[PDB]
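In the block that follows, a single chain appears as C-alpha cells, in the form deposited in one PDB entry.
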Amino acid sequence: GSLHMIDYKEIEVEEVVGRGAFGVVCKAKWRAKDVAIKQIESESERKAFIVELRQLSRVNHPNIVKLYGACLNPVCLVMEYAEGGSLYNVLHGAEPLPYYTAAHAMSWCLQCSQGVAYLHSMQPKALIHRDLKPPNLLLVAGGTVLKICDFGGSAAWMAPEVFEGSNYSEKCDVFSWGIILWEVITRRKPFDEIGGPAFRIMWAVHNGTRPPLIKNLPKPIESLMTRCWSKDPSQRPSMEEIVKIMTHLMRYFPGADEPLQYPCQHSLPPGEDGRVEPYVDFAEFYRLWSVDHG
C-alpha cells in the first residue's frame, strides 16, 4: 500500500473537530479541498501513528475513512473530511438533534459491517478494529454514508474476552457491532444507567448483563443482535454473515438514501422495566414483510 508525502506548509490547519485515542483532529485545507488532520501531540504517539500509517496504507474501502497521505515533520495524518461528523453526535450530541428512520439505523449498521468484513478479509492477516463504537463511525452524503475511522470510555461496546485479558479474535468486533445495532434502534447510550468507572460496566458485562430487550423488535433483528452479544465468541456470526443478513433485510427498509434534514424533539427517554421502546418505528417493516410472506 502507498501514501502521499505532504509538507505541513501545504496544509491550512483550521479548527479542532474532535479528539481520539491519540492525537487531535482538526478541519484543514490541502490542495484547494477540505481534509481532516490528525496531528501528533506527544513523542509517545509516534509508534501508534506509524502502525496506523502502514495499516491504513493497505486499506481501500468505501466504508472506511480514506487516508490521503501523511507528513513526517510534524507527524500528521491527512484524511478525507467527514462533513457529517460522528454517529455519536448524530445520536446523542448537542440539540437540535436530527430525525432518523429505521432505514437509516439498519443502513448505518449494514455499512459498518461492510467495512469491518473488508478488514476481516485482509490477507495475509485479518485486521481487527477493536474499538468499534459511534465516536469512531463518521457520516457523509447528508448523514447517509457511514465510514469507519481510528482502528484500535469504550467498556460499553467491549467484548467480555477483551477486558478479561483473554485471547480474542475478530469476533470482538462482532460483539461491538451488536451493541451499536441496539444503540441506533433505541437512540440510548448502552449502560448509561450503570454509573462509572469502567470496571462497573466490565463487571456487569462479564457477569452476563446485556442492554435491555427492545419492545416490538422484529424477531429476525432480535436474533441477530443477541447472537452478536453471545458470551462464547464462537457462537457469534462472522461479519460476512452479518453483511448478507443485513443486505437481505434492507429490502424491508427503503429510504436509507434520504439525507438527515428534519429537526427532532422526540428526545425524551420513557422508562426501564427490563424492556425499552425503540426510537425507530418498525410498522413499515412489518407491513413490507407481510406483502412478501403473507
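Just count from 1 along the sequence shown to find any residue number. By rigid core we mean the largest C-alpha set that fits within 1.5 Å across both forms.
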*asked:* Using a one-third cut-off over the other compared PDB entries, is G18 one of the residues left without coordinates?
replied: no
*asked:* Where both flanking residues are modelled in the other PDB entries compared, is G152 itself missing in a third or more?
replied: yes
*Missing from the model but present in the deposited sequence, between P218 and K219*: none
_Tell me which stretch, 84-92 or 68-76, has the higher mean Cα B-factor listed in the entry._
68-76
*Pick between 266-274 and 282-290: the one whose mean CA B-factor in the entry is higher.*
266-274
*Out of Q261, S230, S238, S44, which one has a C-alpha B factor higher than all the others in the entry?*
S44
*From the list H206, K125, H104, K171, select the residue with the highest C-alpha B factor recorded in the entry.*
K125
*Could you tell me which third, lowest, middle or highest, the C-alpha B-factor of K244 occupies within its chain?*
lowest
*Would the CA B-factor of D192 place it in the lowest, middle or highest third of its chain?*
middle
*asked:* Considering every modelled residue of the chain and its Cα B-factor in the PDB entry, is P134 in the lowest, middle or highest third?
replied: lowest
*asked:* By the recorded C-alpha temperature factor, relative to the other modelled residues in its chain, which third is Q114 in?
replied: lowest
*Looking at the C-alpha B-factor of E222, is it in the lowest, middle or highest third of its chain?*
lowest
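Absent from the display: the form deposited in another entry. The rest refers to it.
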*Considering only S238, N60, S42, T247, which residue exhibits a C-alpha shift of no less than 2 Å between this form and the one not shown, with the rigid core used for superposition?*
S42
